[PDB]
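Raw data36.cif, mmCIF, C-alpha atoms; chains and numbers go by the auth columns:
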data_protein
loop_
_atom_site.group_PDB
_atom_site.id
_atom_site.type_symbol
_atom_site.label_atom_id
_atom_site.label_comp_id
_atom_site.label_asym_id
_atom_site.label_seq_id
_atom_site.Cartn_x
_atom_site.Cartn_y
_atom_site.Cartn_z
_atom_site.B_iso_or_equiv
_atom_site.auth_seq_id
_atom_site.auth_asym_id
ATOM 1 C CA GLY A 1 -14.638 3.364 -3.879 0.00 1 A
ATOM 2 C CA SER A 2 -11.701 5.530 -2.876 0.00 2 A
ATOM 3 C CA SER A 3 -12.216 6.118 0.827 0.00 3 A
ATOM 4 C CA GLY A 4 -12.594 9.795 1.646 0.00 4 A
ATOM 5 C CA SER A 5 -9.604 11.825 2.770 0.00 5 A
ATOM 6 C CA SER A 6 -6.087 11.151 1.542 0.00 6 A
ATOM 7 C CA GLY A 7 -5.422 7.432 1.310 0.00 7 A
ATOM 8 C CA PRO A 8 -2.629 5.062 0.266 0.00 8 A
ATOM 9 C CA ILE A 9 -4.703 3.663 -2.575 0.00 9 A
ATOM 10 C CA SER A 10 -5.589 6.927 -4.276 0.00 10 A
ATOM 11 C CA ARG A 11 -2.163 8.323 -3.478 0.00 11 A
ATOM 12 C CA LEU A 12 -0.805 5.345 -5.379 0.00 12 A
ATOM 13 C CA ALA A 13 -3.359 5.562 -8.163 0.00 13 A
ATOM 14 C CA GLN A 14 -2.565 9.248 -8.487 0.00 14 A
ATOM 15 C CA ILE A 15 1.055 8.226 -8.894 0.00 15 A
ATOM 16 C CA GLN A 16 0.183 5.600 -11.477 0.00 16 A
ATOM 17 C CA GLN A 17 -1.756 8.189 -13.443 0.00 17 A
ATOM 18 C CA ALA A 18 0.621 11.064 -12.804 0.00 18 A
ATOM 19 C CA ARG A 19 3.412 8.767 -13.927 0.00 19 A
ATOM 20 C CA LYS A 20 1.450 8.058 -17.086 0.00 20 A
ATOM 21 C CA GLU A 21 2.299 4.400 -16.607 0.00 21 A
ATOM 22 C CA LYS A 22 -0.760 2.472 -15.489 0.00 22 A
ATOM 23 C CA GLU A 23 -2.898 2.108 -12.387 0.00 23 A
ATOM 24 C CA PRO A 24 -1.645 -0.255 -9.674 0.00 24 A
ATOM 25 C CA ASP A 25 -2.448 -3.950 -9.831 0.00 25 A
ATOM 26 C CA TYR A 26 -3.672 -5.250 -6.493 0.00 26 A
ATOM 27 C CA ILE A 27 -3.584 -8.984 -5.879 0.00 27 A
ATOM 28 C CA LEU A 28 -4.898 -10.844 -2.856 0.00 28 A
ATOM 29 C CA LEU A 29 -2.156 -13.062 -1.485 0.00 29 A
ATOM 30 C CA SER A 30 -4.084 -14.827 1.252 0.00 30 A
ATOM 31 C CA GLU A 31 -6.119 -14.365 4.410 0.00 31 A
ATOM 32 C CA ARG A 32 -5.247 -15.907 7.755 0.00 32 A
ATOM 33 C CA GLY A 33 -4.760 -15.059 11.412 0.00 33 A
ATOM 34 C CA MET A 34 -6.874 -14.591 14.516 0.00 34 A
ATOM 35 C CA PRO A 35 -10.647 -15.000 14.172 0.00 35 A
ATOM 36 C CA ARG A 36 -11.394 -11.601 15.660 0.00 36 A
ATOM 37 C CA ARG A 37 -8.973 -9.686 13.469 0.00 37 A
ATOM 38 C CA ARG A 38 -7.834 -12.011 10.707 0.00 38 A
ATOM 39 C CA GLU A 39 -4.690 -10.997 8.860 0.00 39 A
ATOM 40 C CA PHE A 40 -5.170 -10.441 5.148 0.00 40 A
ATOM 41 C CA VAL A 41 -2.185 -10.459 2.821 0.00 41 A
ATOM 42 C CA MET A 42 -2.459 -7.960 -0.009 0.00 42 A
ATOM 43 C CA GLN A 43 -0.192 -7.411 -2.990 0.00 43 A
ATOM 44 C CA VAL A 44 0.373 -4.398 -5.210 0.00 44 A
ATOM 45 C CA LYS A 45 2.043 -4.306 -8.606 0.00 45 A
ATOM 46 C CA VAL A 46 3.181 -0.953 -9.942 0.00 46 A
ATOM 47 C CA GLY A 47 5.095 -0.907 -13.206 0.00 47 A
ATOM 48 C CA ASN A 48 8.200 -2.946 -12.478 0.00 48 A
ATOM 49 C CA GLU A 49 7.709 -2.826 -8.727 0.00 49 A
ATOM 50 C CA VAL A 50 5.656 -4.792 -6.229 0.00 50 A
ATOM 51 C CA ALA A 51 4.572 -4.328 -2.631 0.00 51 A
ATOM 52 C CA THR A 52 2.511 -6.011 0.060 0.00 52 A
ATOM 53 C CA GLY A 53 -0.014 -4.892 2.648 0.00 53 A
ATOM 54 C CA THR A 54 -1.255 -6.569 5.807 0.00 54 A
ATOM 55 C CA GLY A 55 -4.153 -5.537 8.010 0.00 55 A
ATOM 56 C CA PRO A 56 -7.124 -6.731 10.076 0.00 56 A
ATOM 57 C CA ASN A 57 -9.152 -6.843 6.883 0.00 57 A
ATOM 58 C CA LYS A 58 -8.532 -7.164 3.163 0.00 58 A
ATOM 59 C CA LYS A 59 -9.388 -3.500 2.761 0.00 59 A
ATOM 60 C CA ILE A 60 -6.681 -2.292 5.115 0.00 60 A
ATOM 61 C CA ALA A 61 -4.454 -5.012 3.711 0.00 61 A
ATOM 62 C CA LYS A 62 -4.873 -3.096 0.474 0.00 62 A
ATOM 63 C CA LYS A 63 -4.352 0.307 2.044 0.00 63 A
ATOM 64 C CA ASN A 64 -1.242 -1.062 3.709 0.00 64 A
ATOM 65 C CA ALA A 65 -0.217 -2.428 0.330 0.00 65 A
ATOM 66 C CA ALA A 66 -0.072 0.952 -1.365 0.00 66 A
ATOM 67 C CA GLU A 67 1.492 2.442 1.742 0.00 67 A
ATOM 68 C CA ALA A 68 4.446 0.111 1.339 0.00 68 A
ATOM 69 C CA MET A 69 4.419 0.710 -2.398 0.00 69 A
ATOM 70 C CA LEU A 70 4.614 4.436 -1.765 0.00 70 A
ATOM 71 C CA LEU A 71 7.318 3.954 0.839 0.00 71 A
ATOM 72 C CA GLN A 72 9.230 1.472 -1.284 0.00 72 A
ATOM 73 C CA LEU A 73 9.055 4.013 -4.083 0.00 73 A
ATOM 74 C CA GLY A 74 10.361 6.732 -1.798 0.00 74 A
ATOM 75 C CA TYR A 75 7.311 8.941 -1.431 0.00 75 A
ATOM 76 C CA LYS A 76 7.008 8.512 2.318 0.00 76 A
ATOM 77 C CA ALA A 77 10.627 7.810 3.178 0.00 77 A
ATOM 78 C CA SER A 78 11.576 11.343 4.150 0.00 78 A
ATOM 79 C CA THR A 79 8.841 11.509 6.762 0.00 79 A
ATOM 80 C CA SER A 80 9.517 7.954 7.873 0.00 80 A
ATOM 81 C CA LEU A 81 13.136 8.678 8.714 0.00 81 A
ATOM 82 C CA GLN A 82 12.180 12.041 10.162 0.00 82 A
ATOM 83 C CA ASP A 83 9.851 10.233 12.535 0.00 83 A
ATOM 84 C CA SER A 84 12.450 7.603 13.344 0.00 84 A
ATOM 85 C CA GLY A 85 14.826 10.465 14.040 0.00 85 A
ATOM 86 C CA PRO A 86 15.644 14.089 13.195 0.00 86 A
ATOM 87 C CA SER A 87 19.282 13.799 12.192 0.00 87 A
ATOM 88 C CA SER A 88 19.753 17.239 10.687 0.00 88 A
ATOM 89 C CA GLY A 89 22.369 16.716 8.003 0.00 89 A
#
In structure tokens, how does this file's structure come out?
Amino acid sequence: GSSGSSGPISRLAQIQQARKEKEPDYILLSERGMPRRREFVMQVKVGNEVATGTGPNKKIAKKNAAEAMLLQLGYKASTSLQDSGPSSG
């Protein structure tokens, strides 16, 4: 697996390994929503932290999971805020 290019999964896995803790534990919450693009609920367990990911497909739901996990951790917060606003302080 591990979709080419930088992804939320790998990025997370790389953190789990770089942290010397243990790879992330993904758990499928559920799967519901529109028929065309059903909404899949994904879960991610990292150490003593947990996150969720929702997308049009389980896959994405997983990618979105790590994303949140990375954000919740504070690995994509800087950018986030930056995007939301500059606020040079």
Quick one: distance from CA of residue 27 in chain A to CA of residue 63 in chain A in Å, one decimal?
12.2 Å
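For the atom pair formed by CA of residue 75 in chain A and CA of residue 12 in chain A, the distance is 9.7 Å, given to one decimal.
Picked out by the PyMOL selection byres ((chain A and resi 40-53) around 6) when it runs on this file: residues 24, 25, 26, 27, 28, 29, 30, 31, 39, 54, 55, 57, 58, 61, 62, 64, 65, 68 and 69 of chain A.
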Got time to write the residues from that selection, C-alpha atoms, as a PDB file, in the coordinates of the input?
ATOM      1  CA  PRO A  24      -1.645  -0.255  -9.674  1.00  0.00           C
ATOM      2  CA  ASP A  25      -2.448  -3.950  -9.831  1.00  0.00           C
ATOM      3  CA  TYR A  26      -3.672  -5.250  -6.493  1.00  0.00           C
ATOM      4  CA  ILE A  27      -3.584  -8.984  -5.879  1.00  0.00           C
ATOM      5  CA  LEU A  28      -4.898 -10.844  -2.856  1.00  0.00           C
ATOM      6  CA  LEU A  29      -2.156 -13.062  -1.485  1.00  0.00           C
ATOM      7  CA  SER A  30      -4.084 -14.827   1.252  1.00  0.00           C
ATOM      8  CA  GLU A  31      -6.119 -14.365   4.410  1.00  0.00           C
ATOM      9  CA  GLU A  39      -4.690 -10.997   8.860  1.00  0.00           C
ATOM     10  CA  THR A  54      -1.255  -6.569   5.807  1.00  0.00           C
ATOM     11  CA  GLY A  55      -4.153  -5.537   8.010  1.00  0.00           C
ATOM     12  CA  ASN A  57      -9.152  -6.843   6.883  1.00  0.00           C
ATOM     13  CA  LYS A  58      -8.532  -7.164   3.163  1.00  0.00           C
ATOM     14  CA  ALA A  61      -4.454  -5.012   3.711  1.00  0.00           C
ATOM     15  CA  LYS A  62      -4.873  -3.096   0.474  1.00  0.00           C
ATOM     16  CA  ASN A  64      -1.242  -1.062   3.709  1.00  0.00           C
ATOM     17  CA  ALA A  65      -0.217  -2.428   0.330  1.00  0.00           C
ATOM     18  CA  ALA A  68       4.446   0.111   1.339  1.00  0.00           C
ATOM     19  CA  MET A  69       4.419   0.710  -2.398  1.00  0.00           C
TER      20      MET A  69
END
Work out how far apart CA of residue 66 in chain A and CA of residue 9 in chain A are and give it in Å to one decimal.
5.5 Å
Build an axis-aligned box that encloses every atom of range 44-53 of chain A listed in the file, pad it by 8 Å on each side, and report its centre and edge lengths in Å to one decimal, as JSON.
{"center_x": 4.1, "center_y": -3.5, "center_z": -5.3, "size_x": 24.2, "size_y": 21.1, "size_z": 31.9}
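The residue that comes closest to residue 1 in chain A, out of A:22, A:59, A:78, A:33 and on the basis of only C-alpha atoms, is A:59.
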Choose the residue, out of A:60, A:79, A:89, A:84, that has the smallest atom-to-atom separation from residue 7 in chain A; count all atoms listed in the file.
A:60
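Restricting the calculation to all atoms listed in the file, the smallest distance between residue 16 in chain A and any of A:56, A:87, A:70, A:80 is found for A:70.
With all atoms listed in the file as the atoms that count, the residue of A:36, A:77, A:67, A:82 with the shortest distance to residue 13 in chain A is A:67.
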